[PDB]
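Residue-level structural notes
So you can see what is in the structure, the chains are spelled out below.
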Amino acid sequence: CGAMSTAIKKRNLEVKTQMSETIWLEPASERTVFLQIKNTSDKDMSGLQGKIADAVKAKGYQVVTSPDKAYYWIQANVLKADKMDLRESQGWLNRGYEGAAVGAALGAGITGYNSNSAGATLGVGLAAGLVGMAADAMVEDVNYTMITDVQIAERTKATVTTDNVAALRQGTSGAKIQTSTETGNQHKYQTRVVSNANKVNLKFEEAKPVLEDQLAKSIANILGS
Amino acid sequence: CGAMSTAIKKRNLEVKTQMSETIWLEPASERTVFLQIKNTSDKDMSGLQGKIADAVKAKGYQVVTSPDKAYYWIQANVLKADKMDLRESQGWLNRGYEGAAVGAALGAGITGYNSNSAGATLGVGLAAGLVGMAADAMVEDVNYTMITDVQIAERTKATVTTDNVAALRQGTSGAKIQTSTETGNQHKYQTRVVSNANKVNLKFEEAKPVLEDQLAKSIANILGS
Amino acid sequence: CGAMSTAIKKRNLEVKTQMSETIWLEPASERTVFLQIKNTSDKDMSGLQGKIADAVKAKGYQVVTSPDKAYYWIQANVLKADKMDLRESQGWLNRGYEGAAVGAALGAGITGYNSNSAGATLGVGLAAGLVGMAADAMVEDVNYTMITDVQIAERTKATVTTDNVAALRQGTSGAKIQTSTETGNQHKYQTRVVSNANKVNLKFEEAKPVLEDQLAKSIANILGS
Amino acid sequence: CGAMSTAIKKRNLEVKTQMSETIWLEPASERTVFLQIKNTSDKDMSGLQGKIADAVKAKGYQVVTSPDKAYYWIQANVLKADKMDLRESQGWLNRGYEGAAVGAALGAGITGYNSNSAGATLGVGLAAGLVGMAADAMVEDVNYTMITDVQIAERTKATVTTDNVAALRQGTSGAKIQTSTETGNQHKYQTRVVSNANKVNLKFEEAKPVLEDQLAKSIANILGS
Amino acid sequence: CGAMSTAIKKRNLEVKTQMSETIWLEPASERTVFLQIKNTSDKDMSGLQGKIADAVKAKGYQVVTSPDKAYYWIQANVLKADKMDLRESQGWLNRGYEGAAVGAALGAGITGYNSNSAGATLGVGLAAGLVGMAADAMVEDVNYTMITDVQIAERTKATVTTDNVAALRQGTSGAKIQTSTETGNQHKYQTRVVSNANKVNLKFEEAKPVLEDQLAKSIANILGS
Amino acid sequence: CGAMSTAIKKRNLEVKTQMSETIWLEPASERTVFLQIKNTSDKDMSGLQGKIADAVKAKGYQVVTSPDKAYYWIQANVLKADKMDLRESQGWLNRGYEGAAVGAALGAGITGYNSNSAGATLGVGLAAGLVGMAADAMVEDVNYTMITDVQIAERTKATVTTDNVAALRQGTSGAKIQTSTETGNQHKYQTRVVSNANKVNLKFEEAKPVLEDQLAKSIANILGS
Amino acid sequence: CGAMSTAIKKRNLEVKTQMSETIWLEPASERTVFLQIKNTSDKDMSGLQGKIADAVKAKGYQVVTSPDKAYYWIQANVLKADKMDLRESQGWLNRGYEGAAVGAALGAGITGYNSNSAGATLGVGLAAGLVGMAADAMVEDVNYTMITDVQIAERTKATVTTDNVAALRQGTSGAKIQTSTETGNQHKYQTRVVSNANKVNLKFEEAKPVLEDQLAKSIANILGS
Amino acid sequence: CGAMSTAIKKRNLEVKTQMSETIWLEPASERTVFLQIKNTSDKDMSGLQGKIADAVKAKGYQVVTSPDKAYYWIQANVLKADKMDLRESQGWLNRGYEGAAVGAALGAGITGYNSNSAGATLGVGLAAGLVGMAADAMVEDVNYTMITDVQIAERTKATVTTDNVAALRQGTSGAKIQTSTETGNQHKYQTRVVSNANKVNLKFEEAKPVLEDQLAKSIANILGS
Amino acid sequence: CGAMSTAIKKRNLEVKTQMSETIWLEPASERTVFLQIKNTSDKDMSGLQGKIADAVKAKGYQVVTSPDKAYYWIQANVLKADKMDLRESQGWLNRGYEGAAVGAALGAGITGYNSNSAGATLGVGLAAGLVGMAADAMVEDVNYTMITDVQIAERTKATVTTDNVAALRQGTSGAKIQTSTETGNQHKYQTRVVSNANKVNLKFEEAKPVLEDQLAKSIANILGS
């Protein structure tokens, strides 16, 4: 019954996309944008860059290839992707005990009909319980979580000093500290986007296109209009 | 019965809009306002800018298009949007167990009437229990939460130094620290608005207009009169 | 019975108004006051400014329109407003289970009178239980909470330096820090007022006038006499 | 029975007045005092100033009207006032369940006398239970809490530098910091007084005079003799 | 029975007086003492100054009236006074349930004697239970707590700089900081005395003289001999 | 039954690969890459370097052997590898008690058939219980966790100062602190990759190729295109 | 049965070797290595040095005897070794109660066969219970944990200053702080290796060779190739 | 039975010796060692110095008597020694209740044989229970814990400054701080060794020789070879 | 039975002596020692000084009387002594309830023998229960804890500056801070020794000699040989 409740409840693909914080951009008349999209997750999003480009072009911006002559940069990295079962949150009643119980109780459906108390009743009841447990275990409330990192670069007129500071860990004992200083006319801001795709027995190939659509729309809407 | 209680209780769309903190503006005789509204959430709020403009014009302010000649700026970003089920807070009695129980108990309504103990009683009881569980599971106490970031800019006479400081994270190890300094005659303040729309089996298309109305009224009332 | 207890207990509108901290003003012979009242909440408090003006005039102070020639400023912002059900604090026994139980037990009132055990007894009992649950669910112990921010300005003779410091958050990564310095002959102090209006099935239109009265009286009494 | 216990226990008005900390004043031969009493609470304490003046005059001090020629200042503000029910601390056994139970058990008083098991017994028992629940709910153990802030000013011969420092919060983001410096021959000290008035079904009009008496006596006794 | 146990246990007035910390005074041949006793509590301790003077004179010290020519100062302030019921610590078994139970069980004393099962037995039992509950509720284990602040001043030969520092809170936002510096030949030390008076149904008029005696003896014994 | 549920649920090899944080690389026209892969874990991943080289070459980059003339460095170390049983999370119902119980209950399958209550029934039941416990204990839900450290070096034009700081612990008492400074034109960033391979009775030889494939794809995708 | 489950589960020697953190070594053409292996644990690991030397030679490195002419140093210390019983984690069901229970229940195997209720049944049952408890207690799930400290030294060209700082504790009261400074051309890094050997009734002589093999392979693989 | 389980489990002397941290010594050609072993514990370890000397000589080092001409110093102090009962960890079932229960149940062994229900059965049962409780209480799972502090001194060429800092506590109030500075050519490092000897009814005289052997071997192995 | 278990378990005097931390003394050829032993505890340890002197003389050291010509100082203070009952750790089953229960159950020993059910059986049972409770209460598992502070002074050649710093508390308010500086050629170190003497119904006069022996041996062994 729990599997039936899960199947009835989350019978439709539900997709959520949430930005972490807001990046404020001053109004400007420049239109050039340069995109750089990477994917270091096990899942596949090959069309994300194209969808981002289409959404950006829909706002009047012009997408260029050489980063030198672009006023805006959209750097995105699909960093992490995980798949989990929400039914596992309860721990119990998920392995298949309830389905097994229902299947076993189904044996009363054979004690009251046709041959009964003939030994075959126990076998039929055991088979029904096993089938019920298998069916209950094969129903999964799958949720895909995806973490994307976005870095927006905006060209300015004030000199910007970038101070690279890295502390490369070195075997418990210590670390190597690297520091450097550069000067350039470009501001960079970061943000994080979290995506969720929930369904019953969901396969990522079905959730991929709408996930890409929502992520591209959000990242493009960072730019505004 | 729990589903019936939820349906009776939250039978009307309830909308709440709460501002985080107060932004104090000194009295002034200037009227020009420039609006910039963005939406990086999965939900659609397309009429928010128009409603904000109408509410601002209702207060005697004049909305202009070029930010250079505007005394006030209203920068808003509909940052986040989430949908949740309040019935999930209890965890149990929400999957549909209670409705299933009521449906099963309905079988006594067929044991006392017409044919009984004929085997068909068990089938009718099981069907009624399944239908009751399905009906109980299909009743949702949905709540939509919306997070909006507002940034108000007011022109002043004192020189304002903006110190851009960003710490762009770089792979566990370190970060790139960007710093810059600009000078301009403009103060900027921030605030956050949280909106909630609650109803039973609510669809966001119904809650959208009143949500926009309340959000626009609050953001415009920041300006006063 | 719980709904009956709630209805009996909070049968009268109860309104509480509490200031957070005390603002100490030195004795002075000046009388001019300038009011500025804003409302960024979903609730409507339109008469608050007029009531504040009347209460201030009742103390001998004179209300002026131009802030330049006013010795005192009363800046108020009705910031937040929320509505909650106190019965929800128990969680259970609030959905309507107790009323349903009473309604079901009412079926014994039909088993002992007129026709009984005729099948219609179960139907009448179920209808009575449903009606009891509906009646229990429709009784709400509503409490409206209002948060108001007050800022009192008093003109002095010592030069006051205002150091505007703002840290506008910028996308997880960083922030823009704005700093400015002004000099003027005016001190400003803040405070917070919390208002509560409690009743059974209360509508805010009934609680609005007394809420405004108490809030205006408190804010005016800040000035003393 | 619980309501009866509460009524028997707290049948008399109990008033407590507790000062927070001690303000030490050096012995002096000066007698002039200037009073300034304000009330920013919803409760009415109009006679507090007169009672303070009478208590101060009873100690040999002389009350003056112009603060310039007063050696001592007594600045008081009745800041907060709240009303609560102590029976609510238990949560349960307070709504009226126990009174309802007693009223229902009273039905045995009609089963053993006159007509019985006639249907009217159930109605009489239900009416008695309802009346008992209403009576139990209508008994309240009310406690009024009052918070008063006292500021005593004493004239000295050493130059006292007052450094006004205020951090006016500005919309989550930041704050405006106001600083100023003045020089004068006056020390100021603060303290807090907490008053409690407890009774059953107490109305504040009855507890007002003794509350004022105790508060005035404490504030005057700060001065000593 | 619990009330009987409390009455038997704390049948005698028990008074405890505890000093917080020790004030060390160097041996000296000076005898002059100046007393200054104040009372800012709701309780009345009028004879405390006289008892302190008597105890000090019993040690060979001489009490003077003008503070200028006194080597020692004894400044005392009876700051706080509270009254509580120790039986309330258990919460339950204190309202009167146990006495009510005993009174109800007393009805068996009328079922076995004279007329019985005549209806009057229930009435007599109910009256006995009510009387028992009333008697149990009217027995109170009262404890009076008194907090006194003591400040001892001793004249010395080294110059003592007193730095008055006060932070007068100003409405959530900020504070006014007052600082001053004086020079004088006098050291001052503080301490706290806590007094407790415990009895059953105790009235403060009975506990006042012994409380004053113990407090005066302790404060005088600070001086030694 | 629990073992059957585990076998049905995790019947397919599930491999997850998650990067810790994002390493941002500026766009560049350089293609040369130098690989250095080490493995300090007990598991064997010998083909990881070849797969990384193939994936990098698929992106248009050119792999060189001498690190001096390489623009990019990919340094990877398969640091840790652990194997655990997820069924051990429950602690109980995993040792084999449930399988033993089922096997023992199987004895009723021999009491109802053929010879019964002949002593041999107990022996057959005990053997069946032992076999069931053994079968339940031999089903393992194995999960392999692999921790890999990645260090990417990118050649730049700004001088980079590396400050080696190490605190070699010396016997509880103290430490030897080594510090040195070098200058070079190369930035280095770190990151961590976590891999999981889950199955029932999984042998690492089966999970090795897919684990290597996913890890190589992620590390190569760090470079982008 | 628990002992049987443990024996079935961990019937094979399971050995795990995990490095704590990664030591990064720059690519170099030098091959000379100097080994120094010590063992301050109670267990015997005598072949570890030879296995490390063989593994290092298998990578093309050349092992030398004089540390002066060695480019690399491999300093290792087998610091700690502990042996524990995993069955002790449950605390109960481990002493032998379950085996005793099974042995006692075996007495029913003698009540149903041959002589019974003859007194000898109790003796046989007691002997069987004692033997079962002894057998259950004699089955141990032994786990050997080994902690090894590794220190790798690499010759460089930059001057390295070693600051020896030691705080030798001196009897609760204090410490003796020793500080010294040396200069040399050698970097040193540390790391920790944790080894586990798990089996039923395992003797360390069986787990020693594979433990040495894995530890040597890991330490050598630090060097790479 | 619990005593029997303990006796069966820990029937053999188990000795563990664990060093806290590793002391790293640079390779050197010097051989001279000077030993200084002290024992401030209640237990007797007289042969520890001789065993340390033998183990050191077995490594090729030469033991000298005058510390002036020794390159290495081995300073050891057997600081603490404690004896505990592991069975006390359970608290209950250790005093002897279980043995008493078994002894009492043994009375059924006399009710079924020879004379019975003759009064002597109760006496025999009581005596058996007392004997069983005594036997259960006399079985102890004893564990001896020893804490040893080791201080190794190594002669160097760099000047080492020792800063003696001690804070001798002085009666709650304060402390006497002693500081001094010396210069010498010697480094000193510390470490701690923890030894455990576990057995049933173990006497320290049996565990002493192997404890000394393991401790000496570990301390000598600090030096290496 | 619990008292019997305690008496059987701790039937022999068990004495433990544990030093807190190690005091390291450099090797030296000086022999002179000066002892100073004080006892500020309620217990009597009069022979401790003599035993310390004997133990020190047994090591070849020479004890002198004038501290000026002594190379070593042994300053010891037997600071604290406490006596506790370990049986009180359980709280319950210690007052004597179990012994009372056994004594009461002994009444069955008189119901089955001689006269019975004659009223005298109850009296004999009550007397036996009272005697059993008294006997159980009179068995105490006494543990004496002794805390000793040791201060060892060693003469050196480096100048040692002692900075006396004391913060004498002055009545809650403040403190008097005393500071002084002296110079001398002597180092001082501290340590703490904890002694425990455990037995059933132990009297300190029996545990005194062995306590002194162990404490003296430990303090003397601080010096070594």
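Its PDB header attributes the entry to cryo-EM and lists the resolution as 2.66 Å.

1. So, the interface of chain C and chain E
On the side of chain E, 6 residues touch chain C, which itself brings 8 residues to the contact. Here chain C meets chain E over a buried area of about 620 Å², counting both sides, of which 48% is carbon and sulfur. In this assembly, chain C and chain E are joined by 1 salt bridge. Measuring nitrogen to oxygen at the nearest pair gives 2.9 Å for the salt bridge that ties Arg169(E) to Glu21(C). Summed over the shared surface of chain C and chain E, the result is 3 residue pairs in polar contact. A breakdown of the residues in the side of chain C that touches chain E according to their chemical character gives 3 nonpolar, 4 polar and 1 charged.

2. So, the relation of the copies chain C and chain E
Laying chain C over chain E is done by rotating through 72° and shifting 0.0 Å along the axis; what remains is an RMSD of 0.0 Å. What the rotation and shift describe, once combined, is the action of a five-fold rotation axis.

3. Let's talk about the packing of aromatic side chains
Here the structure, examined in full by the defined rule, presents 45 aromatic pairs over all chains. Aromatic side chains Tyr144(F) and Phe204(F) sit 5.3 Å apart centroid to centroid with 65° between the ring planes, which places their arrangement in the edge-to-face category. Of this pair, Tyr144(F) sits in strand β5 (residues 141-154) while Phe204(F) sits in helix α6 (residues 204-223), placing them 60 residues apart in sequence. We classify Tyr144(F) as buried; its relative accessible area is 6%. Connected via pairs of aromatic rings, a cluster forms that spans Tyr61(A), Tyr71(A) and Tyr72(A).

4. Re the arrangement of the chains
Spatially, chain E is disjoint from chain F: no contact exists, and the shortest C-alpha separation is 41 Å. Across the gap from chain C to chain I, with no contact made, the nearest C-alpha atoms are 28 Å apart.

5. Regarding the pairing of strand β8 (residues 187-200) of chain F
Residue and element names in this part refer to chain F. The buried count for β8 comes to 12 of 14 residues, which makes it a mostly enclosed element. In this sheet, β8 lies alongside β5 in antiparallel orientation, the contact comprising 14 bridges. Bridging across to β8, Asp149 finds its partner in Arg192.

6. Re the interface of chain E and chain D
Often, the extent of an interface is quoted as the loss of accessible area upon association of its parts. Counting residues at the interface gives 50 residues for chain E and 48 residues for chain D. With both chains or domains summed, chain E and chain D bury close to 3,900 Å², and 50% of this area falls on carbon and sulfur atoms. For the side of chain E that touches chain D, the secondary-structure elements that each account for two or more residues are β2 (32-39), β4 (72-85), α5 (120-137), β5 (141-154), β6 (160-170), β7 (174-184) and β8 (187-200) of chain E. The element contributing the most residues to the side of chain E that touches chain D is β4(E), with 10 residues. Where strand β6 (residues 160-170) of chain D lies against β7(E), 5 bridges are found, and the strand directions are antiparallel. Along β7(E), the bridge assignment pairs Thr162(D) with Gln178(E).

What counts as what
- Residues numbered from 1 in each chain as written, not as in the entry; some residues may be left out.
- Chains lettered and ligands numbered in written order.
- Part of a larger assembly, values for the part shown.
- Heavy atoms only, no water.
- Contact = heavy atoms within 4.5 Å.
- Buried area = accessible area lost by both parts, 1.4 Å probe.
- Salt bridge = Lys/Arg side-chain N within 4 Å of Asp/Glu carboxyl O.
- Polar contact = N/O pair within 3.5 Å; in protein donor to acceptor, adjacent residues only side chain to side chain.
- Nonpolar A, V, L, I, M, F, W, Y, C, P; charged D, E, K, R; others polar.
- Least-squares fit on C-alpha atoms.
- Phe/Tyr/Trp six-rings, centres within 6.5 Å; stacked < 30°, edge-to-face > 60°.
- Helix = DSSP H or I, 4+ residues; strand = E, 2+ residues; numbered from the N terminus.
- Buried < 20%, exposed > 50% of the residue type's maximum accessible area, 1.4 Å probe, protein only.
- Pairing = 2+ DSSP bridges.

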